[PDB]
Amino acid sequence: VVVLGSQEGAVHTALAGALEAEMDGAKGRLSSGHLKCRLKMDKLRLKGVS
Amino acid sequence: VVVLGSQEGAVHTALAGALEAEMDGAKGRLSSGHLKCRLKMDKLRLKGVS
Amino acid sequence: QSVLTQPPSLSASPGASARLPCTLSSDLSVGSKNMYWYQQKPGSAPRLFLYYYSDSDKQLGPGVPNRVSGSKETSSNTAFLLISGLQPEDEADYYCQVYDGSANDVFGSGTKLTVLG
Amino acid sequence: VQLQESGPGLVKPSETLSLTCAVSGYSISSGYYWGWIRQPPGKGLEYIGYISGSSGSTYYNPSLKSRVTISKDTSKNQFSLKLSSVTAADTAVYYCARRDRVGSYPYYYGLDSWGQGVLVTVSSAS
């Protein structure tokens with residue numbers, strides 16, 4: 001019977017193009033985003049025009 | 001900068017079917033042989049003839 | 001539990017067939033248990049005497065002869081150490097051994113077999 | 001594979017006991033669980049435990065659970081047993097024996113080759 005070592009770097013190379021994320025002990029910050037916004041400018045006006 | 005983790009099991013699968021020499025004891029004991037030999041039956045004789 | 005039991009003393013005249021039983025505990029099925037028999041001369045480091053599991057699955061000691069046989073009575077689970085050609089040098093302490101579910105060595109009390117004269 | 005036992009002559013009670021076992025004819029770390037079995041004065045054989053040759057895992061006795069510690073060293077091809085907090089009833093004749101765990105022949109699942117054996121008492125001094 002033989003155990004096939006550790007599969008840490010074996011899946012490092014198999015998971016090549018997948019996105020990454022830096023976690024900081026339970027907030028798990030992301031490093032990607034395609035957020036599409038629609039903003040309202042009915043109350044946007046320059047402070048200085050006067 | 002990140003390390004590639006371990007690479008033990010990554011190379012465990014890289015030598016599939018390769019010849020194995022697991023046994024140890026300060027001397028590598030192979031698990032494969034294909035030795036060709038020639039047998040000389042010149043000076044051997046039957047024990048029970050007399 | 002899982003303890004083997006057998007009498008402290010047995011004796012028989014030289015020449016007859018001596019049967020040394022080994023009664024296993026109730027939680028064991030002797031029909032599927034590899035029985036292991038040890039022989040101990042009084043002060044000389046007991047040696048492996050006879051392993052028996054079946055009349056076709058058996059293996060004796062390195063130099064002991066075929067006078068030593070084994071058998072199993074599965075009615076009351078009890079192995080046997082049969083010695084047919086009793087010589088005076090068969091006078092020794094004999095042990096039996098099995099293994100539990102977790103493969104821990106379970107030895108027996110054993111019989112101090114004495115060859116009479 | 002002829003094992004020879006070596007150990008101190010006497011230990012006082014509640015004191016660490018150490019027995020050293022040299023196998024002298026077979027390389028350890030190939031397999032073949034190595035154990036220690038005892039026979040106190042004249043009674044039956046009682047076992048203590050065995051250590052794995054290749055992996056090094058230790059399997060002990062349920063009664064002698066917190067007192068013994070078996071060690072192994074393949075550099076000089078020896079393995080030892082450490083008996084801590086000994087009692088007066090622990091006086092015995094010890095034997096380091098061999099045993100196979102994975103083989104396909106059940107004869108070797110028993111203690112095939114035995115050691116010479118040492119006698120140790122737990123009495124006082126003189």
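A. Structural context of the side chain of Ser113(D). All names here are of chain D. The topology assignment puts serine 113 in the loop between β8 (92–98) and β9 (118–120). Relative accessible area serves as the criterion here: at 11%, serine 113 is assigned to the buried category. When sequence neighbours within four positions are dropped, the list of residues in contact with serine 113 reads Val1, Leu3, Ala97 and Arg98.

B. Inspection of the state of the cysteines at higher detail. Summed over all chains, the structure comprises two disulfides over all chains. Two residues, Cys22(C) and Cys96(C), share a disulfide whose sulfurs are 2.0 Å apart. Here the disulfide of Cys22(C) and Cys96(C) is right-handed, its torsion about the S-S bond being about 85 degrees. Of this pair, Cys22(C) sits in strand β2 (residues 18–23) while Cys96(C) sits in strand β8 (residues 92–99), and the two are 74 residues apart along the sequence. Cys21(D) shares a disulfide with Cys96(D); S-S distance 2.0 Å. As the torsion about the S-S bond is roughly 80 degrees, the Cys21(D)-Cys96(D) disulfide counts as right-handed. Of this pair, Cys21(D) sits in strand β2 (residues 17–22) while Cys96(D) sits in strand β8; the two residues are 75 residues apart in sequence, bridging distant segments of the chain. Across the pair, exposure class does not vary: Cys21(D) and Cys96(D) are buried alike.

C. Inspection of unusual backbone geometry at higher detail. At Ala26(B), a position not held by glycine, the phi torsion is positive, near 75 degrees. By the secondary structure assignment, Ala26(B) is in the segment after α1 (8–12). Phi angles above zero are rare outside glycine, and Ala45(C) is one such case at about 60 degrees. Along the polypeptide, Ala45(C) turns up in the loop between β3 (35–40) and β4 (47–54).

D. How the structure looks around a nonpolar patch on the surface. On the surface, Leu39(A), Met41(A) and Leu44(A) cluster together to form a nonpolar patch covering roughly 380 Å² of accessible area. Structurally, the position occupied by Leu39(A) is in the segment after α1 (8–14).

E. Representation of the environment of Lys36(B) within the structure. Residues and elements named next belong to chain B. Checked against the element boundaries, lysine 36 lands in the segment after α1. By relative accessible area, which is 80% here, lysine 36 ends up exposed. For the pair formed by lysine 36 and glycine 25, sequence separation is eleven residues and the distance between their alpha carbons is 27 Å.

F. Fine view of the sheet that holds β2(D). All names here are of chain D. Strand order in the open sheet formed by four strands is β1-β2-β7-β6, and the pairing between neighbours is antiparallel. What marks the edges here is a single partner per strand, and that holds for β1 (4–6) and β6 (68–73). Neighbour-to-neighbour, the strand axes of this sheet turn through a mean angle of 20 degrees, independent of strand direction. Direction of pairing for β1 relative to β2: antiparallel, over a ladder of three bridges. Within β2, the residue paired with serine 6 across the bridge is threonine 20.

Definitions and limits used
- Counting of residues begins from 1 for each chain and follows its sequence as written, which need not mirror the entry numbering; any residue without coordinates is not displayed.
- Key to labels: chains lettered from A, ligands numbered from 1, both in the order written.
- Only a portion of a larger assembly is displayed here, and every value given applies to that displayed portion alone.
- Side-chain measures here rest on the full set of heavy atoms in the structure, leaving out hydrogens and waters.
- Residues with missing side-chain atoms are left out of burial classes, side-chain pairs and their counts.
- Strands are runs of DSSP state E lasting at least 2 residues, helices are runs of H or I lasting at least 4, and numbering of each runs from the N terminus.
- Burial here depends on accessible area, computed with a 1.4 Å probe over protein chains only, as a share of the maximum for the residue type. Under 20% is buried, over 50% is exposed, and the range in between is partly exposed.
- Contacts are assigned to residue pairs that have any heavy atoms within 4.5 Å of one another.
- The definition used for a disulfide is geometric: two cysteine sulfur atoms within 2.5 Å.
- Like-charged residues are merged into a patch within 9 Å and nonpolar side chains (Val, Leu, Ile, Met, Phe, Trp, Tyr) within 5 Å, provided each residue has over 30% relative accessible area and no salt bridge.
- The protein chains shown are the only cover counted for residues, whose accessible areas, like all others here, come from Shrake-Rupley with a 1.4 Å probe.
- The working definition used for a salt bridge is a side-chain nitrogen of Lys or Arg within 4 Å of a carboxyl oxygen of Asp or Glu.
- If DSSP finds at least two bridges between two strands, the strands pair.
- Orientation is described by lines fitted to C-alpha atoms, with helices fitted over the stretch in contact, and by angles between N-to-C directions that extend from 0 to 180 degrees.

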